[PDB]
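S.K.: Next up, coords30.pdb (PDB, C-alpha atoms).
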ATOM      1  CA  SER Q   1     175.389 119.685  79.563
ATOM      2  CA  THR Q   2     173.699 122.209  77.227
ATOM      3  CA  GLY Q   3     172.513 125.834  77.072
ATOM      4  CA  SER Q   4     169.728 127.584  75.174
ATOM      5  CA  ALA Q   5     169.154 131.359  75.112
ATOM      6  CA  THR Q   6     166.840 133.620  73.117
ATOM      7  CA  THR Q   7     168.402 136.399  71.055
ATOM      8  CA  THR Q   8     166.356 139.531  70.245
ATOM      9  CA  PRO Q   9     166.911 142.267  67.621
ATOM     10  CA  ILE Q  10     167.849 145.549  69.321
ATOM     11  CA  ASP Q  11     165.611 147.512  66.890
ATOM     12  CA  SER Q  12     163.134 147.457  63.918
ATOM     13  CA  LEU Q  13     166.041 146.900  61.443
ATOM     14  CA  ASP Q  14     167.872 143.973  63.168
ATOM     15  CA  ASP Q  15     170.938 146.265  63.545
ATOM     16  CA  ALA Q  16     172.268 143.875  66.255
ATOM     17  CA  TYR Q  17     170.929 141.014  68.411
ATOM     18  CA  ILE Q  18     171.031 140.922  72.259
ATOM     19  CA  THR Q  19     171.042 137.744  74.366
ATOM     20  CA  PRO Q  20     170.713 137.802  78.188
ATOM     21  CA  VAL Q  21     173.785 136.489  80.068
ATOM     22  CA  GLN Q  22     174.105 135.904  83.823
ATOM     23  CA  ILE Q  23     177.393 137.115  85.401
ATOM     24  CA  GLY Q  24     178.479 136.685  89.022
ATOM     25  CA  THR Q  25     176.793 135.627  92.261
ATOM     26  CA  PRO Q  26     174.037 136.756  92.913
ATOM     27  CA  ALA Q  27     173.423 136.845  89.141
ATOM     28  CA  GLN Q  28     173.706 140.135  87.274
ATOM     29  CA  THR Q  29     171.929 139.876  83.929
ATOM     30  CA  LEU Q  30     173.428 141.813  81.060
ATOM     31  CA  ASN Q  31     172.242 141.867  77.429
ATOM     32  CA  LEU Q  32     175.258 140.951  75.359
ATOM     33  CA  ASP Q  33     175.804 140.939  71.591
ATOM     34  CA  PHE Q  34     177.003 137.381  70.709
ATOM     35  CA  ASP Q  35     179.778 137.921  68.224
ATOM     36  CA  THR Q  36     181.293 135.060  66.197
ATOM     37  CA  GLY Q  37     183.735 137.652  64.696
ATOM     38  CA  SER Q  38     185.571 138.457  68.021
ATOM     39  CA  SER Q  39     186.845 136.520  71.068
ATOM     40  CA  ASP Q  40     186.452 138.840  74.018
ATOM     41  CA  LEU Q  41     183.666 138.775  76.616
ATOM     42  CA  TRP Q  42     183.580 142.437  77.615
ATOM     43  CA  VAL Q  43     181.007 144.365  79.584
ATOM     44  CA  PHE Q  44     180.024 147.868  80.662
ATOM     45  CA  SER Q  45     180.961 148.004  84.357
ATOM     46  CA  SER Q  46     181.202 150.180  87.546
ATOM     47  CA  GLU Q  47     184.769 150.997  86.229
ATOM     48  CA  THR Q  48     183.472 152.449  82.898
ATOM     49  CA  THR Q  49     183.966 156.264  82.485
ATOM     50  CA  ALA Q  50     180.603 157.742  83.688
ATOM     51  CA  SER Q  51     180.344 160.053  80.587
ATOM     52  CA  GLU Q  52     180.599 156.969  78.257
ATOM     53  CA  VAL Q  53     177.671 155.080  79.925
ATOM     54  CA  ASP Q  54     174.197 156.037  78.650
ATOM     55  CA  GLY Q  55     171.478 153.664  79.932
ATOM     56  CA  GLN Q  56     173.454 150.387  79.903
ATOM     57  CA  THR Q  57     173.221 147.731  82.627
ATOM     58  CA  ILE Q  58     176.648 147.542  84.284
ATOM     59  CA  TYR Q  59     178.547 144.657  85.826
ATOM     60  CA  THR Q  60     179.635 145.492  89.390
ATOM     61  CA  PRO Q  61     182.312 142.943  90.350
ATOM     62  CA  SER Q  62     182.403 144.286  93.966
ATOM     63  CA  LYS Q  63     178.821 142.965  94.463
ATOM     64  CA  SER Q  64     179.787 139.427  93.254
ATOM     65  CA  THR Q  65     181.077 136.871  95.771
ATOM     66  CA  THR Q  66     182.682 134.770  92.953
ATOM     67  CA  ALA Q  67     184.440 137.684  91.159
ATOM     68  CA  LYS Q  68     188.247 137.739  91.287
ATOM     69  CA  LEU Q  69     190.475 140.365  89.668
ATOM     70  CA  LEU Q  70     192.780 138.778  87.075
ATOM     71  CA  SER Q  71     195.679 140.802  88.480
ATOM     72  CA  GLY Q  72     197.610 142.826  85.897
ATOM     73  CA  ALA Q  73     195.634 141.607  82.888
ATOM     74  CA  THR Q  74     194.471 144.286  80.425
ATOM     75  CA  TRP Q  75     192.514 144.193  77.157
ATOM     76  CA  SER Q  76     192.353 146.539  74.190
ATOM     77  CA  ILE Q  77     190.133 145.920  71.179
ATOM     78  CA  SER Q  78     189.121 147.796  68.006
ATOM     79  CA  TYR Q  79     186.497 146.488  65.543
ATOM     80  CA  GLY Q  80     186.002 146.660  61.731
ATOM     81  CA  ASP Q  81     183.522 149.566  62.088
ATOM     82  CA  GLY Q  82     186.167 151.722  63.846
ATOM     83  CA  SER Q  83     184.634 151.267  67.332
ATOM     84  CA  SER Q  84     186.813 150.326  70.314
ATOM     85  CA  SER Q  85     186.933 149.470  74.055
ATOM     86  CA  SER Q  86     189.555 148.602  76.714
ATOM     87  CA  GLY Q  87     190.071 147.942  80.442
ATOM     88  CA  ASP Q  88     190.978 145.469  83.167
ATOM     89  CA  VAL Q  89     189.920 141.790  83.623
ATOM     90  CA  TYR Q  90     188.044 139.832  86.264
ATOM     91  CA  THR Q  91     187.189 136.126  86.379
ATOM     92  CA  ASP Q  92     183.637 135.167  87.394
ATOM     93  CA  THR Q  93     180.865 132.600  86.895
ATOM     94  CA  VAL Q  94     179.069 133.165  83.575
ATOM     95  CA  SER Q  95     175.844 131.402  82.537
ATOM     96  CA  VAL Q  96     174.159 131.420  79.108
ATOM     97  CA  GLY Q  97     170.689 129.846  78.995
ATOM     98  CA  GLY Q  98     171.430 127.543  81.928
ATOM     99  CA  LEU Q  99     174.994 126.647  80.815
ATOM    100  CA  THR Q 100     177.549 127.691  83.439
ATOM    101  CA  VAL Q 101     181.270 128.333  83.110
ATOM    102  CA  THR Q 102     183.164 129.076  86.346
ATOM    103  CA  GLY Q 103     186.233 131.351  86.240
ATOM    104  CA  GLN Q 104     185.408 132.943  82.857
ATOM    105  CA  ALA Q 105     187.415 136.035  81.965
ATOM    106  CA  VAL Q 106     184.995 138.974  82.091
ATOM    107  CA  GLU Q 107     186.770 141.985  80.613
ATOM    108  CA  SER Q 108     185.586 145.091  82.464
ATOM    109  CA  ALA Q 109     185.345 148.180  80.254
ATOM    110  CA  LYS Q 110     187.200 151.244  81.607
ATOM    111  CA  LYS Q 111     186.863 153.119  78.235
ATOM    112  CA  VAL Q 112     184.342 152.623  75.353
ATOM    113  CA  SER Q 113     183.969 154.504  72.041
ATOM    114  CA  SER Q 114     180.883 156.618  71.103
ATOM    115  CA  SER Q 115     179.196 153.800  69.066
ATOM    116  CA  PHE Q 116     178.994 151.607  72.172
ATOM    117  CA  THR Q 117     177.713 154.490  74.358
ATOM    118  CA  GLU Q 118     174.968 155.177  71.768
ATOM    119  CA  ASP Q 119     173.616 151.591  71.928
ATOM    120  CA  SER Q 120     171.829 151.717  75.349
ATOM    121  CA  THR Q 121     170.396 148.224  74.740
ATOM    122  CA  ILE Q 122     173.862 146.578  74.301
ATOM    123  CA  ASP Q 123     175.657 145.960  77.648
ATOM    124  CA  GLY Q 124     178.678 144.315  76.021
ATOM    125  CA  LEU Q 125     179.870 141.609  73.675
ATOM    126  CA  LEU Q 126     180.241 137.847  74.008
ATOM    127  CA  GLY Q 127     183.018 136.727  71.677
ATOM    128  CA  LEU Q 128     182.567 133.361  69.919
ATOM    129  CA  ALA Q 129     185.391 133.370  67.320
ATOM    130  CA  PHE Q 130     188.607 131.277  68.099
ATOM    131  CA  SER Q 131     190.408 132.085  71.381
ATOM    132  CA  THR Q 132     193.555 132.994  69.357
ATOM    133  CA  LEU Q 133     191.853 136.384  68.626
ATOM    134  CA  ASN Q 134     191.428 137.224  72.362
ATOM    135  CA  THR Q 135     193.107 140.543  73.229
ATOM    136  CA  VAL Q 136     193.856 139.897  76.933
ATOM    137  CA  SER Q 137     197.534 140.633  77.784
ATOM    138  CA  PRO Q 138     199.920 139.234  79.014
ATOM    139  CA  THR Q 139     197.874 135.998  79.493
ATOM    140  CA  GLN Q 140     195.465 135.344  76.587
ATOM    141  CA  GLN Q 141     191.992 134.209  77.702
ATOM    142  CA  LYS Q 142     189.549 131.651  76.327
ATOM    143  CA  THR Q 143     186.041 132.380  75.012
ATOM    144  CA  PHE Q 144     182.857 131.202  76.824
ATOM    145  CA  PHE Q 145     182.458 128.460  74.136
ATOM    146  CA  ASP Q 146     186.110 127.320  74.548
ATOM    147  CA  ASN Q 147     185.711 127.084  78.336
ATOM    148  CA  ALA Q 148     182.330 125.238  78.120
ATOM    149  CA  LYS Q 149     183.425 122.785  75.362
ATOM    150  CA  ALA Q 150     184.491 119.846  77.612
ATOM    151  CA  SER Q 151     181.228 120.017  79.619
ATOM    152  CA  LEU Q 152     179.137 120.185  76.388
ATOM    153  CA  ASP Q 153     177.250 117.127  75.107
ATOM    154  CA  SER Q 154     178.524 118.070  71.609
ATOM    155  CA  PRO Q 155     181.305 120.729  71.073
ATOM    156  CA  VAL Q 156     178.986 122.979  69.015
ATOM    157  CA  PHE Q 157     176.830 126.070  69.205
ATOM    158  CA  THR Q 158     174.113 127.074  66.775
ATOM    159  CA  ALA Q 159     172.875 130.487  65.632
ATOM    160  CA  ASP Q 160     169.197 130.676  64.593
ATOM    161  CA  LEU Q 161     168.652 134.426  64.030
ATOM    162  CA  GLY Q 162     165.186 135.768  63.349
ATOM    163  CA  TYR Q 163     164.091 138.277  60.721
ATOM    164  CA  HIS Q 164     162.342 141.135  62.614
ATOM    165  CA  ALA Q 165     161.757 138.448  65.293
ATOM    166  CA  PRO Q 166     163.651 136.791  68.181
ATOM    167  CA  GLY Q 167     165.832 133.736  67.611
ATOM    168  CA  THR Q 168     167.963 131.202  69.492
ATOM    169  CA  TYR Q 169     171.571 130.456  70.415
ATOM    170  CA  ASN Q 170     171.999 126.823  71.529
ATOM    171  CA  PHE Q 171     175.103 125.367  73.101
ATOM    172  CA  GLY Q 172     175.980 121.679  73.133
ATOM    173  CA  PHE Q 173     173.185 120.323  70.928
ATOM    174  CA  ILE Q 174     171.511 120.532  67.507
ATOM    175  CA  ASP Q 175     167.759 121.205  67.505
ATOM    176  CA  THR Q 176     166.391 118.973  64.710
ATOM    177  CA  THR Q 177     163.052 120.852  64.839
ATOM    178  CA  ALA Q 178     164.703 124.277  64.119
ATOM    179  CA  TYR Q 179     165.431 123.513  60.424
ATOM    180  CA  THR Q 180     164.130 121.710  57.286
ATOM    181  CA  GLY Q 181     166.117 119.379  54.991
ATOM    182  CA  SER Q 182     169.689 118.512  55.914
ATOM    183  CA  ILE Q 183     172.598 120.482  57.330
ATOM    184  CA  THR Q 184     175.386 120.954  54.778
ATOM    185  CA  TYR Q 185     178.798 121.083  56.484
ATOM    186  CA  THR Q 186     181.781 123.002  55.041
ATOM    187  CA  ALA Q 187     185.494 123.350  55.983
ATOM    188  CA  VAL Q 188     186.737 126.064  58.306
ATOM    189  CA  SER Q 189     190.139 127.689  58.334
ATOM    190  CA  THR Q 190     191.164 128.890  61.819
ATOM    191  CA  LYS Q 191     194.354 130.610  60.444
ATOM    192  CA  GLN Q 192     192.904 134.137  60.919
ATOM    193  CA  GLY Q 193     191.031 133.266  64.181
ATOM    194  CA  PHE Q 194     187.605 133.459  62.465
ATOM    195  CA  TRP Q 195     184.911 130.976  61.353
ATOM    196  CA  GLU Q 196     186.339 131.296  57.804
ATOM    197  CA  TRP Q 197     184.812 129.190  55.023
ATOM    198  CA  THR Q 198     184.423 129.096  51.219
ATOM    199  CA  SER Q 199     181.039 129.759  49.627
ATOM    200  CA  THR Q 200     180.595 127.932  46.286
ATOM    201  CA  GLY Q 201     178.774 130.743  44.485
ATOM    202  CA  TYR Q 202     175.716 132.942  44.222
ATOM    203  CA  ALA Q 203     172.502 133.799  42.347
ATOM    204  CA  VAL Q 204     170.469 137.070  42.068
ATOM    205  CA  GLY Q 205     166.676 136.673  42.226
ATOM    206  CA  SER Q 206     165.584 133.887  39.859
ATOM    207  CA  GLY Q 207     168.854 134.058  37.862
ATOM    208  CA  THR Q 208     171.295 131.270  37.015
ATOM    209  CA  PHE Q 209     173.670 130.249  39.803
ATOM    210  CA  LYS Q 210     177.263 131.401  39.239
ATOM    211  CA  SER Q 211     179.851 128.851  40.533
ATOM    212  CA  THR Q 212     182.702 130.898  42.025
ATOM    213  CA  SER Q 213     184.670 130.544  45.261
ATOM    214  CA  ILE Q 214     183.999 133.264  47.810
ATOM    215  CA  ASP Q 215     186.172 133.081  50.952
ATOM    216  CA  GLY Q 216     184.450 134.664  53.940
ATOM    217  CA  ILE Q 217     183.593 134.636  57.642
ATOM    218  CA  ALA Q 218     180.348 133.648  59.405
ATOM    219  CA  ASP Q 219     179.944 136.694  61.651
ATOM    220  CA  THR Q 220     176.936 137.194  63.944
ATOM    221  CA  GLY Q 221     178.447 140.517  65.168
ATOM    222  CA  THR Q 222     178.286 142.146  61.672
ATOM    223  CA  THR Q 223     174.807 143.407  60.652
ATOM    224  CA  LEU Q 224     175.188 143.166  56.843
ATOM    225  CA  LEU Q 225     176.429 140.832  54.121
ATOM    226  CA  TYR Q 226     179.783 142.132  52.692
ATOM    227  CA  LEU Q 227     180.849 140.523  49.386
ATOM    228  CA  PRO Q 228     183.321 141.343  46.477
ATOM    229  CA  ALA Q 229     182.533 144.439  44.355
ATOM    230  CA  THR Q 230     181.782 142.244  41.322
ATOM    231  CA  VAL Q 231     179.050 140.246  43.157
ATOM    232  CA  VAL Q 232     177.557 143.336  44.906
ATOM    233  CA  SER Q 233     177.374 145.241  41.575
ATOM    234  CA  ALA Q 234     175.652 142.274  39.851
ATOM    235  CA  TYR Q 235     173.023 142.238  42.651
ATOM    236  CA  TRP Q 236     172.310 145.993  42.761
ATOM    237  CA  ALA Q 237     172.249 146.176  38.885
ATOM    238  CA  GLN Q 238     168.890 144.349  39.134
ATOM    239  CA  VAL Q 239     167.273 147.111  41.275
ATOM    240  CA  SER Q 240     166.018 150.158  39.314
ATOM    241  CA  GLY Q 241     167.552 153.369  40.692
ATOM    242  CA  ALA Q 242     170.068 151.581  42.965
ATOM    243  CA  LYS Q 243     173.476 153.208  43.198
ATOM    244  CA  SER Q 244     176.624 153.316  45.317
ATOM    245  CA  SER Q 245     176.696 156.606  47.248
ATOM    246  CA  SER Q 246     179.971 157.921  48.720
ATOM    247  CA  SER Q 247     178.008 160.432  50.841
ATOM    248  CA  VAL Q 248     175.882 157.635  52.398
ATOM    249  CA  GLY Q 249     178.760 155.103  52.595
ATOM    250  CA  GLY Q 250     177.453 152.331  50.354
ATOM    251  CA  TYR Q 251     174.696 151.093  48.088
ATOM    252  CA  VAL Q 252     171.273 152.691  48.409
ATOM    253  CA  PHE Q 253     168.016 152.009  46.534
ATOM    254  CA  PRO Q 254     164.621 153.719  46.060
ATOM    255  CA  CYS Q 255     162.429 152.797  49.083
ATOM    256  CA  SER Q 256     159.650 152.107  46.473
ATOM    257  CA  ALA Q 257     161.591 149.036  45.123
ATOM    258  CA  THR Q 258     160.844 145.357  45.787
ATOM    259  CA  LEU Q 259     164.277 143.741  46.245
ATOM    260  CA  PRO Q 260     165.258 140.467  44.592
ATOM    261  CA  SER Q 261     166.406 137.526  46.726
ATOM    262  CA  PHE Q 262     170.116 136.584  46.998
ATOM    263  CA  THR Q 263     171.253 132.975  47.038
ATOM    264  CA  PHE Q 264     174.699 131.890  48.326
ATOM    265  CA  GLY Q 265     176.144 128.383  47.908
ATOM    266  CA  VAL Q 266     177.242 126.082  50.731
ATOM    267  CA  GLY Q 267     178.929 123.152  48.931
ATOM    268  CA  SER Q 268     176.261 121.701  46.632
ATOM    269  CA  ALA Q 269     173.427 123.249  48.784
ATOM    270  CA  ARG Q 270     171.790 126.696  48.404
ATOM    271  CA  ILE Q 271     170.747 129.294  51.018
ATOM    272  CA  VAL Q 272     168.154 131.877  49.753
ATOM    273  CA  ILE Q 273     168.060 135.304  51.414
ATOM    274  CA  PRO Q 274     164.633 136.846  50.723
ATOM    275  CA  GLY Q 275     164.588 140.357  49.234
ATOM    276  CA  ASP Q 276     162.949 141.758  52.408
ATOM    277  CA  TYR Q 277     166.028 140.785  54.510
ATOM    278  CA  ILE Q 278     168.179 143.101  52.301
ATOM    279  CA  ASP Q 279     166.023 146.228  53.035
ATOM    280  CA  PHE Q 280     167.515 148.347  55.852
ATOM    281  CA  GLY Q 281     164.935 151.181  55.510
ATOM    282  CA  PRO Q 282     165.406 154.889  54.884
ATOM    283  CA  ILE Q 283     168.966 156.314  55.162
ATOM    284  CA  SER Q 284     167.487 159.138  57.327
ATOM    285  CA  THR Q 285     163.962 159.526  58.784
ATOM    286  CA  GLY Q 286     161.484 160.295  56.018
ATOM    287  CA  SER Q 287     164.022 159.713  53.191
ATOM    288  CA  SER Q 288     162.986 157.951  49.964
ATOM    289  CA  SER Q 289     166.518 156.455  49.665
ATOM    290  CA  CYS Q 290     166.847 153.164  51.564
ATOM    291  CA  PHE Q 291     170.056 151.446  52.795
ATOM    292  CA  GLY Q 292     171.068 148.141  51.189
ATOM    293  CA  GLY Q 293     171.723 144.989  53.223
ATOM    294  CA  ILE Q 294     174.337 143.740  50.693
ATOM    295  CA  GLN Q 295     177.479 145.931  50.608
ATOM    296  CA  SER Q 296     180.981 145.744  49.105
ATOM    297  CA  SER Q 297     183.793 144.240  51.191
ATOM    298  CA  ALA Q 298     186.459 146.183  49.145
ATOM    299  CA  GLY Q 299     187.433 148.538  52.008
ATOM    300  CA  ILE Q 300     187.444 145.728  54.675
ATOM    301  CA  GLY Q 301     189.879 143.141  53.305
ATOM    302  CA  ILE Q 302     187.595 140.163  54.096
ATOM    303  CA  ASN Q 303     184.151 138.941  52.924
ATOM    304  CA  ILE Q 304     181.586 138.839  55.750
ATOM    305  CA  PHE Q 305     178.515 136.655  55.982
ATOM    306  CA  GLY Q 306     176.801 138.889  58.560
ATOM    307  CA  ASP Q 307     173.280 138.722  60.056
ATOM    308  CA  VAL Q 308     171.577 139.388  56.641
ATOM    309  CA  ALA Q 309     172.905 136.059  55.400
ATOM    310  CA  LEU Q 310     173.009 134.113  58.711
ATOM    311  CA  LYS Q 311     169.312 134.823  59.560
ATOM    312  CA  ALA Q 312     168.235 133.083  56.321
ATOM    313  CA  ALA Q 313     169.704 129.828  57.802
ATOM    314  CA  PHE Q 314     170.103 127.512  60.869
ATOM    315  CA  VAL Q 315     173.858 127.801  61.372
ATOM    316  CA  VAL Q 316     176.021 125.245  63.173
ATOM    317  CA  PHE Q 317     179.384 126.366  64.543
ATOM    318  CA  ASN Q 318     181.141 123.023  65.053
ATOM    319  CA  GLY Q 319     184.058 123.545  67.443
ATOM    320  CA  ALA Q 320     185.277 119.901  67.148
ATOM    321  CA  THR Q 321     189.124 119.170  66.643
ATOM    322  CA  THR Q 322     188.563 119.848  62.948
ATOM    323  CA  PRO Q 323     186.149 122.809  63.043
ATOM    324  CA  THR Q 324     183.336 123.003  60.445
ATOM    325  CA  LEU Q 325     180.297 125.248  59.675
ATOM    326  CA  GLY Q 326     176.888 123.759  58.924
ATOM    327  CA  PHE Q 327     174.121 125.548  57.023
ATOM    328  CA  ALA Q 328     170.539 124.440  56.747
ATOM    329  CA  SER Q 329     167.380 125.983  55.312
ATOM    330  CA  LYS Q 330     164.681 126.907  57.891
TER
END
In structure tokens, how does this file's structure come out?

M.R.:
Amino acid sequence: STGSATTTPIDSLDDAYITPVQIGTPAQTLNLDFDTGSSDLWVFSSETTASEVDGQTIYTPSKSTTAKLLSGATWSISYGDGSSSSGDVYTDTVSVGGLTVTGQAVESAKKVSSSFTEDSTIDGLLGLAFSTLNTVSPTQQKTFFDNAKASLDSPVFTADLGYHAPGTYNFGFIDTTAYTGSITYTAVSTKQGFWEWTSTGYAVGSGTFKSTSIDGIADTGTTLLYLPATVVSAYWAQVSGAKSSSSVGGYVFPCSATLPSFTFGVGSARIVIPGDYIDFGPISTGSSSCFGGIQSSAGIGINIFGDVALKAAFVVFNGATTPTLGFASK
């Protein structure tokens, strides 16, 4: 079996992407943020603190005939941006683009942090990293992809994110019409629970390609591309007036600039991120200082190939016995 669901940017800057997911019987549709950087399926629910819910669609397990409380199980998660959520756990039928998993752990949010409350369009997260990162205690739970894997035609899912446009998440198959050229596959380390791979280098605009190993994660749940200080400085050095601002929290550039492209290597292949994808608009409404889409990973401890990089490609997340990542131009 297979699944196919459309993913849509939550705003004019592609800050996050939402994909409709059906939970329970009769179906309750919630717009979840598919996150290849975490392994918890958590939702805003009837159990979420009323002052922390601001316009979200909530999951009401009492109205679902297939919902069952996973007695005693709790979850507690905190993300790289400092945001967090926690609560109890139910099992229920979950469908993504026609692909159904019965008895999926659906972690019901009791408490959410301010960042989640502020995103009225995001009803929760659908974790797609390795199940070893799942926070459910005392019995660790599997992701939607882990649970669907045996029913899938091929144990894969693909991310085809759009630039200021909707995209697609496919499960179980590779759409040969969604990309040009060939897919270049690269090794994945599952040691940290992430889709962790090694980029073979980079180029800035029409500059020479620099062959250097850059360990990083393919993360659909991170908006920007986070790379080592050396690489980020070499990129922003090509933009007149660009600087790193401690007051803003990263690199900013004059909104009047035309950004150069950024190429990253995947084995012997190249993925080009157009300059427009790196523009995240004014830092504040009306400002002439614009936020950069390429930021330093120095404070994070890991390089992150976020949406800025992933949307420039058709990305295959191969969950076979030996997991691999495929990148193709599109």

S.K.: Applying 6 Å and all atoms listed in the file, which residues near region 178-188 of chain Q remain after dropping the ones on its own chain fewer than 6 positions away? List them as a PyMOL selection string.

M.R.: chain Q and resi 196-197+323-330

S.K.: Considering all atoms listed in the file, can you say which of Q:269, Q:43, Q:294, Q:283 comes closest to residue 116 (chain Q)?

M.R.: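 The closest residue to residue 116 (chain Q) is Q:43.
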
S.K.: Convert the output of the PyMOL selection byres ((chain Q and resi 242) around 6) on the shown file into explicit residues, formatted as a PyMOL selection string.

M.R.: chain Q and resi 239-241+243+252-253

S.K.: Can you pull out the residues contacting residue 157 (chain Q)? Cut-off 9 Å, using all atoms listed in the file, and skip same-chain residues under 4 positions away; I want them as a PyMOL selection string.

M.R.: chain Q and resi 3+145+169-174+315-319

S.K.: I'd like the residues picked by the PyMOL selection byres ((chain Q and resi 56) around 9) written out as a ChimeraX atom specification, using the chain letters and numbers from the file.

M.R.: /Q:30-31,44,53-55,57-58,117,119-124

S.K.: Would you compute the distance between CA of residue 287 (chain Q) and CA of residue 251 (chain Q)? Give it in Å to one decimal.

M.R.: 14.6 Å

S.K.: When you count all atoms listed in the file, which of these residues is closest to residue 127 (chain Q): Q:88, Q:47, Q:153, Q:40?

M.R.: Q:40

S.K.: Could you work out how far CA of residue 118 (chain Q) lies from CA of residue 92 (chain Q), giving the answer in Å with one decimal?

M.R.: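 Taking CA of residue 92 (chain Q) and CA of residue 118 (chain Q), their separation equals 26.8 Å.
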
S.K.: Out of Q:290, Q:204, Q:125, Q:16, which residue has the shortest atom-to-atom distance to residue 254 (chain Q) when counting only C-alpha atoms?

M.R.: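 Looking only at the distances to residue 254 (chain Q), the closest residue turns out to be Q:290.
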
S.K.: If the PyMOL selection byres ((chain Q and resi 129) around 7) is run on the structure shown, which residues does it catch, given as a list in words?

M.R.: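 In the shown coordinates, the PyMOL selection byres ((chain Q and resi 129) around 7) covers residues 36, 37, 38, 39, 127, 128, 130, 131, 193, 194 and 195 of chain Q.
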
S.K.: Which neighbours of residue 255 (chain Q) fall inside 6 Å, counting all atoms listed in the file, when residues of the same chain fewer than 2 positions from it are skipped, and could you give them as a PyMOL selection string?

M.R.: chain Q and resi 257+288-290

S.K.: Please provide as a compact mmCIF listing (two decimals) with C-alpha atoms, keeping the file's coordinate frame all residues within 6 Å of region 93-110 of chain Q, with the sequence filter that same-chain residues fewer than 3 positions apart are discarded (counting all atoms listed in the file).

M.R.:
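In the end it all went to out-v5.txt:
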# COMPACT_ATOMS: atom_id res chain seq x y z
CA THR Q 2 173.70 122.21 77.23
CA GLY Q 3 172.51 125.83 77.07
CA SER Q 4 169.73 127.58 75.17
CA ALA Q 5 169.15 131.36 75.11
CA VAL Q 21 173.78 136.49 80.07
CA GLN Q 22 174.10 135.90 83.82
CA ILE Q 23 177.39 137.12 85.40
CA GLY Q 24 178.48 136.68 89.02
CA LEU Q 41 183.67 138.78 76.62
CA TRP Q 42 183.58 142.44 77.61
CA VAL Q 43 181.01 144.36 79.58
CA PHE Q 44 180.02 147.87 80.66
CA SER Q 45 180.96 148.00 84.36
CA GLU Q 47 184.77 151.00 86.23
CA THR Q 48 183.47 152.45 82.90
CA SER Q 86 189.56 148.60 76.71
CA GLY Q 87 190.07 147.94 80.44
CA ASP Q 88 190.98 145.47 83.17
CA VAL Q 89 189.92 141.79 83.62
CA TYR Q 90 188.04 139.83 86.26
CA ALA Q 148 182.33 125.24 78.12
